[PDB]
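Working notes for the structure below.
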Amino acid sequence: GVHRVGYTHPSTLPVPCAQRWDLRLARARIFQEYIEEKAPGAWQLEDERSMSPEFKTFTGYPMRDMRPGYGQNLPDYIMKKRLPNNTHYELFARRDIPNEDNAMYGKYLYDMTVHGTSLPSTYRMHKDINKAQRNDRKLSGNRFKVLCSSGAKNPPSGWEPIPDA
Amino acid sequence: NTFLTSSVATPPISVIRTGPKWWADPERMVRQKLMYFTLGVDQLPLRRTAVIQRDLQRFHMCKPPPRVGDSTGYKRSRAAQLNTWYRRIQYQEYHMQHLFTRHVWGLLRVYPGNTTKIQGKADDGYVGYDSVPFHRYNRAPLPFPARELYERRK
Amino acid sequence: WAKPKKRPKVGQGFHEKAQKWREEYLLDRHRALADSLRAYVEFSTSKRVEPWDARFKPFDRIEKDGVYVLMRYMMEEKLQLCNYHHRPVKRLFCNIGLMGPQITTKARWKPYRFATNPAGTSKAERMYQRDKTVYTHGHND
Amino acid sequence: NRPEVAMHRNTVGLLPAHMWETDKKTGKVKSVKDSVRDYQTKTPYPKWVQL
Amino acid sequence: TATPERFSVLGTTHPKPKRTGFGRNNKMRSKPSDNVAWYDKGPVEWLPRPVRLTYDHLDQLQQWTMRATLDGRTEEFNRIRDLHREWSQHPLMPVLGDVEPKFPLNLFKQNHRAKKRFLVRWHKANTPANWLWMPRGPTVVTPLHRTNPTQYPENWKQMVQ
Amino acid sequence: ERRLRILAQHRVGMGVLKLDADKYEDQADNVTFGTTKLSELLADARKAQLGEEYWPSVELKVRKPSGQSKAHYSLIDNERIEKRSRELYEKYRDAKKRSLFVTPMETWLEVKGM
Amino acid sequence: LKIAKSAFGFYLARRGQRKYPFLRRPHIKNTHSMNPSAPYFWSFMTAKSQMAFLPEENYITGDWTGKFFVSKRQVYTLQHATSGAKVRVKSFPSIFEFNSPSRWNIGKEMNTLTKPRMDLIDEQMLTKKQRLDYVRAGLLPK
Amino acid sequence: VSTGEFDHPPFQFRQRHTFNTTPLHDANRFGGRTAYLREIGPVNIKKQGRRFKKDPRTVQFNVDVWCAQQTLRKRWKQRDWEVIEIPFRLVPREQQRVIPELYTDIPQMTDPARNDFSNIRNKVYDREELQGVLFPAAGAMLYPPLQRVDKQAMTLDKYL
Amino acid sequence: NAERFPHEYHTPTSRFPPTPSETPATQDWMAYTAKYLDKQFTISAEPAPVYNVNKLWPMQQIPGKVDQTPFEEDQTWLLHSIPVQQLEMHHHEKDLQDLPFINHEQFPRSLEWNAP
RNA sequence: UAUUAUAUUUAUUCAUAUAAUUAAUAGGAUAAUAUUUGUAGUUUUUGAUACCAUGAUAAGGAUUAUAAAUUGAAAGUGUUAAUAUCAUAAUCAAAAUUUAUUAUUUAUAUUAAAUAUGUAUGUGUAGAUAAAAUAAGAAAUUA
Ligand SMILES: [Mg+2]
Ligand SMILES: [Mg+2]
C-alpha cells in the first residue's frame, strides 16, 4: 500500500514506551550510520541463492544485494567500499618485479659485500665473453657506440691507440 | 494454449526414439491418459505403448541375447518383424495424441501453435502473429489482428 | 607466427576525403536526427491498435459484456488519453483494480511489435511498411 | 520522455518545427536551418555565473 | 549547418548490395520445404506440429465435460467415441520381410543432411491415411468397442424391458 | 538488557555482546576504540533505568480482524442503506424507461465530469 | 598479428577469434559510439545522470602552451559552436575538425559526432588481396 | 521444496519450437519476463545485438532478481497481520520476557512449561483479544468478541 | 520543467521502484468507501490502534515519508519501472577480488579460518 | 567361431589491438654522544632491437574390456640457453573490420550508473559441412 509512515511520540500514548524508530536513531548515533532517505520500502529482497538452505550455495549471509543498477560510480557505493591500500594490490606492487632478489637487497650492496665487487648480469657477461672471443679472430665487423661521444671524438692529449694488423 | 509460434515438425520415429526422455516420460504419459479418461474413452494404445516402453526401460542396460549365425536369417527377420510391430503400435498412439489434442482444443476455444490444423475450425493451418506476414504454406496475406476461430462470448 | 608485413602508407589526399566525408556525414545525421525526433513524437502522440489479445479471456467476451463494459463506462477517457499505447494501457488496467490480479496472469497481450501498429491497421504487412530512414527503434509509424 | 515510462506524455509542442524544413507530401524533414548565426540567448552561462 | 544542396563525398561511395537469399550464408532460396504441412490428408496435418497439452487444459476439459453432461448433450461425446473407435484399433503383426527402409550407406558422409532429409520425406509420404497395417473402415469388426449411440449408457431407457 | 539488544543488533549472539574493532591500523588503538564504543553503548542502554519511557516497545504481530468480525462489515449502517436502496430502486426504475443499460454512475456513484 | 598497423602488430597475437569476459576486451574500439537513436538520444553513450558535471576534458587544467586535438570524451558546448575556434579530435587517418558548427551537436560527446568506421575506404591502404576480399563482401566495386 | 525453475538455460545452438524444446527467450519462461532479455530475429552478429542479453552471468543475475521478487511477493501475501508496538506492561504473559533479535539466538519456544512449543517470532495475536489495549479511548468495544466452540458440547460430530 | 519528465532526471541518489504520490482516503476500505463510494457512511476509517503500526516490517522507515509496501500482486512487480542489470556488476567488498575467475587472495588462509 | 551393437540423435549467417629514452649502494624515538644534518671524482665502447642471430612443454580417438580401475598420446604449437654488427618503435585508458580455425538473445510485457553495438521478416528452405556411445536411457553386416 502507499501510505505515510507514522510515528507516535511516547508523551502522547496512554502508557509511555520507547518507540522503535527512536531507538534506531540511537543506534545510528552510536555506530555512525548513514540513513538512506530514499530507500524504497517496497524493495526488501533477500538474496535467495545465498540465504536459503535450499540452494547448494548457501552461505548464511547476503553475499550480493539484489539491485540491478548498482554501480561503482554511486556515492553510496563509494561510502561503503574497501580502499586498495594494504590489500593484495600492494603486495603485488612490491613483491612481483623482474629480478626477485632486487626485492630483498640492493644488488650492488650484496655484490660488494659478498664478492669483492659489482658483478654484471648473466646476460651482459655473455655478450662480454662473446666479444672477447670473436675479437680474437676477425676484427672490423664492429662499430663504436657509446653513451657519450666526446671521449672518443676528442681523446686526451696522450692516448695514441696501438696500430692494428 | 500458451505456445503460439511457428514450429518445426519431427518425423514420428525420431520422436519415439526419445524413449524415457520424452515420448515415454511418465509425467507426460499420465496427462495424456487423463485427457482420454476424462473424455470417457479407453486408452488402449496408450497402455500398449506404456507396456512396451516400461519393459524397454527395465532391460535397457543389458546386452542383447547371443546370436548364432544362420543362412536362413529367420532370427534376424523375426526380431525385425517384432520391432516394426512395436514401432507401429506406437505410431498409432502418437497419432492418437495429436488427434485428440487438436479435437479437445477445438472444444476448449484454444488457439493452436502457428500453422496447425483443427479439423472443424481451421482446415488449412491456423495462423496469427507470425514473424512472417503471410500464411507460410498458403502464401496468402495475414489479416490484422489475429484471425478468430470462435464466436465471442466466454 | 610469421613476422607481420608492414602496412602500406595512408593515401594521398585521403586526409581531405576523410575530413569531408565525416563532416557531411554529421551534417546529414542532423537531419536524420531531426526527422527521427519528429517521427518518435508523432508516434507517441498518435493512436495505436488495441494492445490486448482478444483470442484469450477476459477479452474474447462479446463487446457488450464483462471487461468491455468495465472499459466503456469506467476507463474509456483514460484509455483514449494514453492513445492505447500498450504500457500505459496495461498500467491503467492494473490501477482500475476491478479486474485485479488477472492483468498479467490470465489475460494475454499482443507481442511488442504488433501492439505498436497504428490504429486502423488491417493487414499484418504493416509492420514492415513503416519508414526505415528514421532511427526510432521501431517506435516510429 | 524516453519510451519506458512516460512516452505517451510527449507533446507536439516539444518539437522545434521552426528549426527545420519539411516536405508537404511525405510529411518528412528534408533540411535543417542553420542554428548558430541568428541564435540569441540571454544565458550563455547560467544566470548566477559572473566571470 | 544549414543542410547543403550537394554532398560531395557522402553518396559517392559504392552501395552495399541487397541480399539475394535467406538463412545460412544468405544463400538459401524461398521454396517449399520439408517442414511444410499437408492439410489435405486426414484430421491431423502431416507432419504434425508440436502440441503441448497442459493441466490447465485438463481442467478446462473437465469443466466442459461436466457442463455438457448436465445439459444432456450427448452428441460431441458421440463424435469423440467415433473418432476413437476408428483410430484405436489394434495394428496387425507385419509379414516377415516387411521393414521401414533405412538410408543407404556409402552415399553421403555420416554427418550429412541427406540422412534426415530421407527420413522426413519417407514419413511425409506415409500419412496415417496410408497406414494399411491399422485396420480402419466400415468392413472392420470391432470386438472391443460399442458400435453406435444406441449401445451407450445414456440410451439406457431403451435397453429396459 | 532489552534496550542493549535492540541497540546493538547483530552484534549480540548467544547472549554475548561482541564488538570487532577494525578502525585503526594498530591493535592498541583498536582496543581504545572498542572499549569506548562499549561504554557508549552501555551508557545508552542504561537509559532504561530512568523510567518506562525508555523501555523499548514489544512488537506483536496483531492479526487483521477475523472472519467473524468481517461478517459485520456487510451490516454496517443497515437501516440507512435499506431505506436508501428503495429510493435508488425508484431512480433505477425511472432511468430504465429511457436507456437500455443503467450504470451505478447514474444512480448512487459520483463521477466529477470536469 | 598478420599486418602491423602500429607497433603492437609485432608484440600481440590474435589467438583466432577468442572470447573475452563480458565487457572486457583488451582494446577499446568503439565502433558503435555514433549509433543514431531519437528516443535514446540523451541516454545513449552519454552520462548516466544529467546532474553530472562535464568531464575533466572540457576544462583547461594547468598552464598550457596549447593542444593539437582535444579528447573525444569532451562534450560539445554552445561555445564550441559560437566562439569560432579550432575544435579538433583525433580520428583516423589523422584528425577530424568540427568546421561547420551546429547547435544539434550540443550536449553530446564528440565520440558521438565522429563516425569511427567510415563507409569510405582507401584503395591505396589496401593490398591487392585485401581489395579482392573487400570486393567479395560487396563493398568495393569490381 | 518448490518445483519451479530458478536457473536460466545455458546458451547453445539456437533452440527452436519443437516437441520437447522451446526457444530460449520464449514468452513462456519466467512468467513472460524473458521479454526483457530478448533480441528478436535473425540477429546479424557483426553489426547488431545487445551484449548483456547473451551474457550468462548477467542474464542469470536478472533472473535471480525476478525469483527474489516472486518469493518476497508471496511471503507478503502470506501475512495477515501488522506489527504493532505495544508497551511492555500491556502485553500478554508470554512476551514479558527478553526476545533476542532475529538470527541472534536459537529459534525460541514460546512457553515450554505450559506445553506450547512454537516460534514466538511467528505467533500471531487476535485483534479482538488486544481490543482493550489497542483502543482504550473508544469506550464500547469496536469489534464484537470472538465466539468460541464448546468442545464438550454434544454436536453432530459426537454422534448426538 | 524537470518534474514533467519522470524518467529523465535521475540523480544518482534516486532509487526504484518510484513511489506514487499519495492519495487521501486510500489506506483502508472503510475510509475509501466513506470518501468516494457512499458518502453518508458513518465510520470514516477503520479503528486505529493508538500505538504505532509499522507497515513495512521488519524494515524501519523514516516517519513522515510517503512509502510503498512490497507488492503482493505479480502484475504490480512486472509493470512497474524496475530496470534490468545491463553493464558489468559491482560489489563494494568483492570488487577488490576482481572477477570470480580472478579471485585475488592476499594470504593463503583457510577459507574456514576463524578470527579469535 | 567362442571374450557381444556405427546407421541413431542434434547441429552450421562468426567480426574486433595503441601516442619511443631498460645502467648504483645509502640504516632516524624509548641505543653511552660520527651534521656520515645535505655520503657530489662526466666522457673507450658495440646483439634479442623495428633486424639475421640453434635447443624446450601444443593440438591431433582406431583393438592390453571390467575388476577393488581414468575416454586424451612424445616426435612439437609466437615469447626460453653460445651464429650478432640498419634503425629507442609496447598498453597507464576511451583508439582504424579481411582475419581459415567462431555454438548469439527468433514474437504476451524490451536502454537506471564505467560507454557498450541500426540491423538480414521472408515455405527451418542450395552446395558443402559440425558434434556425441563417459548419470544416463541408441543394439546387430571385424582385421
Ligand atoms: Mg619450436
Ligand atoms: Mg617505454
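Quick note: the coordinates plus some simple rules give every number you see, no bench work behind them. Don't worry about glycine lacking a Cβ; one is built from the backbone with ideal geometry, like all the others, and counts go over all protein chains shown.
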Response to the item:
The answer for B:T116, listing residues at least 5 apart or on another chain whose modeled amide H is closer than 5 Å to its amide H, is B:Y126
Worksheet item: Taking neighbour counts of Cβ atoms within 10 Å as a proxy for exposure, in what order, fewest first, do E:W122, B:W105 appear?
Response: E:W122, B:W105
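Output the direction-averaged projected area (hull surface divided by four) of the convex hull of the alpha-carbon atoms of segment C:31-82, in nm². Let's see the in-between values first.
Values: hull surface 18.0 nm².
Directional mean of the projected Cα hull area for segment C:31-82 stands at 4.5 nm².
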Discussion item. Kirkwood Rh and Cα-based Rg: tell me the resulting Rg over Rh for segment C:1-118, rounded to two decimals.
Written reply: 1.39
Fill in: HN-Hα J in Hz across segment F:17-32 - Karplus 6.51, -1.76, 1.60, θ = phi - 60°, x for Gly and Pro
7, 10, 9, 9, 8, 9, 4, 10, 4, 10, 4, 3, 5, 6, 6, 4
Discussion item. Explain nothing, just compute: Karplus ³J(HN,Hα) = 6.51 cos²θ - 1.76 cosθ + 1.60, θ = phi - 60°, for every residue of segment B:116-130 in order, whole Hz, x for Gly and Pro.
Written reply: 9, 8, 10, 3, x, 9, 10, 7, 5, x, 6, 9, x, 6, 8
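Would you mind giving the mean number of other chain beta-carbons within 10 Å of the Cβ of each residue in H:43-52, as a whole number?
Values: counts 0, 0, 0, 1, 3, 1, 0, 1, 4, 8.
Mean partner shielding for this stretch: 2.
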Fill in: P(r), alpha carbons of segment G:1-112 - 10 Å bins starting at zero, rounded %
11, 34, 32, 19, 5
Fill in: Convex hull volume of chain A per residue (C-alpha atoms, cubic angstrom)
412
Fill in: Among the listed pairs F:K64/H:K77; G:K48/G:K108; A:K80/G:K48; A:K81/F:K23; C:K64/C:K110; B:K121/C:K110, those beyond 24 Å (Cα-Cα)
none
Worksheet item: Amide H of E:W46: which non-local residues (sequence gap of 5 or more, or other chain) have their own amide H closer than 5 Å, using H built in the peptide plane?
Response: E:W38
Worksheet, complete the sentence: Here the equivalent ellipsoid of segment F:29-71, derived from its Cα gyration tensor, has semi-axes (largest first, whole Å) of 43, 15, 4
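What percentage of all Cα-Cα pairs in the protein assembly as shown are separated by more than 62 Å? Don't skip to the end; give the middle numbers.
Working: 231451 of 724206 pairs.
Taking all Cα-Cα pairs of the protein assembly as shown, the fraction more than 62 Å apart is 32 percent.
Determine the calculated [θ] at 222 nm for the protein assembly as shown from helices alone, applying -39500 (n - 2.57) to every DSSP H run no shorter than 4 residues and normalising by the residue count; nearest 500 deg cm²/dmol. Provide the component values of the computation, followed by the final result.
On the way: 33 runs with 334 residues, N = 1204.
Helices in the protein assembly as shown give a 222 nm mean residue ellipticity of -8000 deg cm²/dmol.
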Worksheet item: Past the 24 Å Cα-Cα mark, which pairs from C:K57/H:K54; C:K6/G:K72; B:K33/B:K75; E:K18/G:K29; C:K17/G:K5?
Response: C:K57/H:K54; C:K6/G:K72; B:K33/B:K75; E:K18/G:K29
Response to the item:
Expected vector for segment F:93-105, Karplus 3J(HN,Hα) from phi with 6.51, -1.76, 1.60 and θ = phi - 60°, integer Hz, x for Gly and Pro, equals 3, 5, 4, 8, 7, 6, 10, 5, 10, 9, 7, x, 7
Item to complete: Enumerate the amide H contacts of F:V58 below 5 Å, restricted to partners 5 or more residues apart or on another chain; note that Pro and chain-start residues carry no placed amide H.
Response: H:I86, H:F88
Worksheet item: Considering the alpha-carbon set of chain F alone, what are its Rg and its Dmax in angstrom?
Response: 32.2, 93
Fill in: Greater than 29 Å apart at Cα, pairs in E:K31/H:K53; C:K5/G:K90; C:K78/H:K74; D:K28/G:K90
E:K31/H:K53; C:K78/H:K74; D:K28/G:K90
Worksheet item: Expressed as a whole number of Å, what is the distance separating the alpha-carbon centroids of segment A:103-153 and segment B:88-154?
Response: 88
Worksheet entry | Of all DSSP beta bridges in the protein assembly as shown, antiparallel share, percent nearest 5 | 85
Practice prompt. Equivalent ellipsoid semi-axes for chain E, as square roots of 5 times the alpha carbon gyration tensor eigenvalues: give them largest first, rounded to whole Å.
Written response: 55, 31, 12
Worksheet item: Setting aside same-chain residues fewer than 8 positions from E:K16, which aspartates and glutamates have a Cα under 18 Å from its Cα?
Response: G:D119, G:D122, G:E123, G:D133
Worksheet item: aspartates and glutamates within cross-link reach of B:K117: Cα-Cα under 12 Å, excluding same-chain residues under 8 positions apart?
Response: E:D40, E:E45
Practice prompt. Would you calculate the volume per residue, in Å³, of the smallest convex hull containing every Cα atom of segment E:41-126?
Written response: 161
Discussion item. Can you tell me which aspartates and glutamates have their Cα less than 16 Å from the Cα of F:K70? Leave out same-chain residues fewer than eight positions away.
Written reply: H:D80, H:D126, H:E128, H:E129, I:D28, I:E46
Discussion item. Taking the Cα centroid of segment F:13-87 and of segment C:1-75, what is the distance between the two, rounded to the nearest whole Å?
Written reply: 52
Discussion item. If I model segment A:64-119 as equal point scatterers sitting on the Cα atoms and use the Debye formula, what is log10 I(q)/I(0) at q = 0.25, 0.28 Å⁻¹?
Written reply: -0.97, -1.06
Worksheet, complete the sentence: Dividing the mean separation of Cα pairs under 8 Å (6+ apart) by the residue count of chain H yields a relative contact order in percent of 12
Worksheet entry | Cα centroid separation - segment B:5-43 against segment G:85-142, whole Å | 59
Fill in: Shielding by other protein chains, H:141-150, mean Cβ within 10 Å
2
Worksheet, complete the sentence: Fraction of alpha-carbon pairs in chain I farther than 19 Å apart, rounded to whole percent, equals 72
Worksheet entry | Peptide C:125-137, shielding by other chains (average Cβ, 10 Å cutoff) | 3
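Can you check how the C-alpha radius of gyration of chain B compares to 2.2 N^0.38 Å, as a plain ratio? Can you show the working numbers first?
Details: Rg = 20.5 Å, N = 154, 2.2 N^0.38 = 14.9 Å.
So chain B has a normalised radius of gyration of 1.37.
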